[PDB]
**Q** 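So that we are looking at the same thing, I have put the structure below in structure tokens.
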Amino acid sequence: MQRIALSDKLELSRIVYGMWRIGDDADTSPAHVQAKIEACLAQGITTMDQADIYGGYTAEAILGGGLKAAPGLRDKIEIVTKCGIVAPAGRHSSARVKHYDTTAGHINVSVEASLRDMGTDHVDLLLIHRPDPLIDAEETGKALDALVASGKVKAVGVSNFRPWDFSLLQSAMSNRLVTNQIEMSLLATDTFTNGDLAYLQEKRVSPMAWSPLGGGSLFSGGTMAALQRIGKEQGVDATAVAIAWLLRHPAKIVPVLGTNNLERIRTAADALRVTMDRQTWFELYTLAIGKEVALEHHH
Amino acid sequence: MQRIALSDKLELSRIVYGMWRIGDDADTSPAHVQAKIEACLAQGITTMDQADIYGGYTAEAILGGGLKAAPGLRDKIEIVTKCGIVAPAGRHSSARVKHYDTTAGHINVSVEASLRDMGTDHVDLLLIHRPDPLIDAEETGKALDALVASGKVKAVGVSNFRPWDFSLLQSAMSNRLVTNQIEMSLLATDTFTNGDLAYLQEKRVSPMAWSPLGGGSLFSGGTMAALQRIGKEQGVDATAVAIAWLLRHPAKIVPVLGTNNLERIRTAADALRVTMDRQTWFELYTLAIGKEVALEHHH
Amino acid sequence: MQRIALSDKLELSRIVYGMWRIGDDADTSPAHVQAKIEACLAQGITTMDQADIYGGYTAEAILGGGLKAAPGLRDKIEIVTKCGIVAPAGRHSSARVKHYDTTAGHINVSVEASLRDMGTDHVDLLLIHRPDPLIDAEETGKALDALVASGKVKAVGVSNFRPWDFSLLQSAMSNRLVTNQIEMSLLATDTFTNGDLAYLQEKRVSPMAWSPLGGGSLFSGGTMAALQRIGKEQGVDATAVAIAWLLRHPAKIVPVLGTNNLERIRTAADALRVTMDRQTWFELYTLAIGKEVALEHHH
């Protein structure tokens with residue numbers, strides 16, 4: 001599969017496999033985890049997306065069971081992980097309330113646990129998982145810079161940051177943030193006009209798109225009819241067209257697909273087969289927003 | 001009429017004549033087009049505002065009929081035109097959907113058609129007509145820079161851009177964008193407090209105000225009574241006061257007036273006769289917003 | 001009381017005494033004004049917050065009655081004052097409408113009146129009281145710079161500015177704006193996520209928080225029960241906990257407390273006795289917003 005360079009130091013697969021449901025599968029054995037990773041690799045999807053909090057702080061260890069039992073498998077993938085969200089589950093069950101923690105001490109503890117749980121000495125990309133209204137940017141930026149200098153983390157980014165959050169944390173760091181993982185799909189189009197995507201495009205930062213299929217709501221009329229029509233014109237399913245709509249954007253959006261289904265992994269690359277011309281991009285955008293683009297103001 | 005320098009390379013009349021309705025007139029003859037331009041020139045209004053899309057891609061050619069039959073008339077005016085909006089009309093009737101196109105190829109084709117249609121070798125100002133959610137800023141900025149270097153376009157700006165759109169496109173260009181054509185009037189006051197006008201004021205960019213009379217809704221109670229009162233105090237009509245309210249702002253707003261009526265052209269300059277002191281500016285602003293300005297927070 | 005350096009030139013008390021109600025007290029005698037200032041000084045609160053408009057342009061003169069009758073008292077305090085709001089009261093009663101005035105002439109007249117009314121040759125901090133939709137930033141910034149160079153004003157800031165207002169005025173000034181006085185409390189939490197506080201945090205500018213108790217609405221269920229519980233755990237009242245919630249933020253927020261009650265002045269410093277850990281900060285923030293913080297987007 002085509003590669004995307006987020007920076008001179010980090011290259012992903014153009015589509016990323018989200019592992020947030022890996023702990024929900026009835027099968028969490030090393031063998032089934034390896035099978036899922038091997039199905040991705042068969043399609044050239046090498047990038048796995050994790051977070052400390054997934055599975056109530058167990059999804060990384062479940063991935064680790066796979067990796068620790070298959071020597072050589074970690075060298076074939078990039079691992080994205082995240083920290084900053086503290087819910088009273090698993091190892092954080094002492095917690096009195098759901099909160100964010102962007103402190104140097106917490107980031108280091110979470111990274112040490114990610115490395116322990118997945119059986120590796122480095123993660124390819126670490127994201128601050130949510131913007132913290134209590135962030136000390138100086139402290140957080142120093143911790144993130146030291147994690148890169150150490151080699152434990154190849155690159156750093158953020159998730160769900162607004163442009164002003166991104167700007168504040170980048171002002172406190174020597175290393176450049178290489179991504180912002182944000183909701184983007186035909187059902188979530190605000191970032192295209194509200195400044196979120198423009199900011200990233202001006203900074204030459206690729207976003208990672210979460211819920212790129214619209215979070216299950218798109219498949220459950222006019223939008224779906226057009227996705228199915230284009231798919232049938234190009235020999236792919238409506239799912240591939242909804243991902244290709246993201247891939248078409250010149251901001252170089254990196255979709256994160258989160259299925260436990262080996263047959264949807266088998267077809268995930270079909271999005272790269274879609275030719276999405278400018279007019280088709282607008283047809284889908286207009287059906288999704290439910291109204292025509294603004295025409296001449298003088299009318 | 002008083003001149004306004006948008007830059008060292010482009011100077012307009014302080015009021016601009018919008019030609020978006022020129023094709024709606026029952027009379028589209030060269031003679032009637034010349035009459036309208038000559039009525040503007042009689043009031044010192046030298047700047048004409050066009051767009052490729054006006055008249056379903058025919059308004060420029062209708063202006064051209066006037067200019068081509070009156071040698072010397074083009075040298076007396078500045079021409080603003082715009083591109084980026086593609087509706088299925090006239091030469092774009094093959095189009096499947098209403099969309100934006102900011103590609104180098106489309107901008108060049110639209111500019112070549114503007115020059116052909118108006119019978120000139122240059123336009124004074126070219127605007128991207130709407131912010132394109134699919135913009136490639138690098139590509140668009142290269143096309144706009146080459147159009148300036150070529151002499152085909154004296155200066156470039158945008159229309160309906162948010163500050164983040166303006167910032168993204170300017171980051172990709174060597175030439176400075178000299179304006180943003182946005183809605184501003186007593187019925188459209190959001191830009192005064194929402195950051196749109198502050199951004200332009202910090203960049204020392206004059207906006208062009210579209211629908212400066214409120215788009216026909218202002219004339220169709222308290223606001224109109226005050227405009228009529230001030231006009232009767234200063235020997236002008238309520239229309240001149242509504243334009244002078246824009247002219248008073250220190251951001252150096254350039255109103256675009258869009259009438260086919262020779263008698264409203266004859267009086268358009270009366271706005272420059274209005275003395276609009278700070279208190280009068282606030283009286284009108286407060287009547288328009290329908291509530292007092294925020295006073296001391298401690299109360 | 002702990003000091004806060006807004007800059008190399010200006011240091012306040014970490015809590016500020018707002019004098020906006022000083023004219024509402026039945027007692028406005030010099031003796032009662034001195035008593036209030038002496039109650040603050042007894043708690044290490046040295047910073048007094050004024051504005052030209054307070055008391056309909058009489059509150060400064062009422063403070064002055066106190067200061068002029070107590071030689072040496074002005075040297076013990078810092079004075080913050082503000083201008084820019086013109087209401088038809090007192091010396092501005094000729095005014096036809098409520099408006100803003102950020103002109104050099106008005107700022108100078110207001111500062112000269114603040115110095116005359118309080119009987120001093122300098123103010124520690126001058127704020128533009130409200131963002132003016134008619135601001136000429138070049139003119140206002142020149143007036144503010146000259147006021148600092150003159151020694152009449154030790155430092156300048158703003159009040160109720162949005163980030164774009166702050167950015168515009170700072171672009172026109174040589175001196176750095178040292179604060180933005182904005183609404184911040186458990187009932188006013190928008191600035192924590194909407195970019196207002198992030199902007200100030202990136203610029204290393206401390207905000208001053210007005211209505212830090214929520215403007216009387218907080219004391220008049222779940223939020224109050226938690227403030228009372230934490231206070232009873234730490235030997236202080238719920239008021240001290242609501243102020244400590246602001247003091248905990250790493251942006252170094254400076255609360256402005258506006259009581260005429262000598263017994264609430266006597267206890268105002270109790271906020272500095274509160275230990276507010278990250279989880280407690282989130283518990284209060286969550287009770288105030290009325291919903292959990294956003295958890296993992298993948299769920």
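We use all heavy atoms of the structure for the numbers below, so side chains are in, but hydrogens, waters and symmetry mates are not. Naming: A, B, ... by sequence-line order, numbering from 1 per chain.
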**Q** Check the angle between the aromatic planes of B:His297 and C:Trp210 and answer parallel, tilted or perpendicular using the 30° and 60° thresholds.
**A** parallel
**Q** Can you find a side-chain donor-acceptor pair between C:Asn261 and C:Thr259 that sits under 3.5 Å?
**A** no
**Q** Between B:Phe192 and chain C, with a heavy-atom cut-off of 4.5 Å, which part of the residue counts as in contact: side chain, backbone, both or neither?
**A** both
**Q** For chain B, which residues of residues 58-66 of chain C have at least one non-hydrogen atom nearer than 4.5 Å to it?
**A** none
**Q** Could you look at C:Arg130 and say if it's the side chain, the backbone, both or neither that has a heavy atom under 4.5 Å from chain B?
**A** side chain
**Q** Counting only non-hydrogen atoms closer than 4.5 Å, does B:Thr189 touch chain C with its backbone (N, CA, C, O), its side chain (CB onward), both, or neither?
**A** neither
**Q** Between C:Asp24 and chain B, which part of the residue has a heavy atom less than 4.5 Å away: side chain, backbone, both or neither?
**A** neither
**Q** Where on C:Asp52 is there a heavy atom nearer than 4.5 Å to chain B: the side chain, the backbone, both, or neither?
**A** neither
**Q** Taking side chain as everything from C-beta outward and backbone as N, CA, C, O, which of these in B:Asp277 sits under 4.5 Å from a heavy atom of chain C? Side chain, backbone, both or neither.
**A** side chain
**Q** Among side-chain atoms of B:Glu78 and B:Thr47, is any donor-acceptor pair under 3.5 angstrom?
**A** yes
**Q** So which residue, C:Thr103, C:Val86, C:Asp132, C:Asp165, ends up with the most heavy-atom pairs under 4.5 Å with chain B?
**A** C:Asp132
**Q** Classify the ring geometry of B:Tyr285 against B:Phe282: parallel below 30°, tilted from 30° to 60°, perpendicular beyond 60°.
**A** perpendicular
**Q** Going by the angle between their ring planes, with limits at 30° and 60°, are B:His298 and C:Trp20 parallel, tilted or perpendicular?
**A** parallel
**Q** Do C:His92 and C:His106 have ring centroids that are under 6.0 Å from one another?
**A** yes
**Q** Testing the 3.5 Å rule here: is there a donor-acceptor pair between the side chains of B:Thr46 and B:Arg3?
**A** yes
**Q** What do the steps show when you test C:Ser171 against B:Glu202 for side chain to side chain donor-acceptor pair (under 3.5 Å), and what is the final call?
**A** CA-CA 7 Å; C:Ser171 72; B:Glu202 181 170 333; 4.6 Å; no
**Q** Chain B heavy atoms under 4.5 Å from C:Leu134: which part of the residue, side chain, backbone, both or neither?
**A** both
**Q** When heavy-atom pairs shorter than 4.5 Å are enumerated against chain B, which of C:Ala87, C:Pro131, C:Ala95 gives the highest number?
**A** C:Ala95
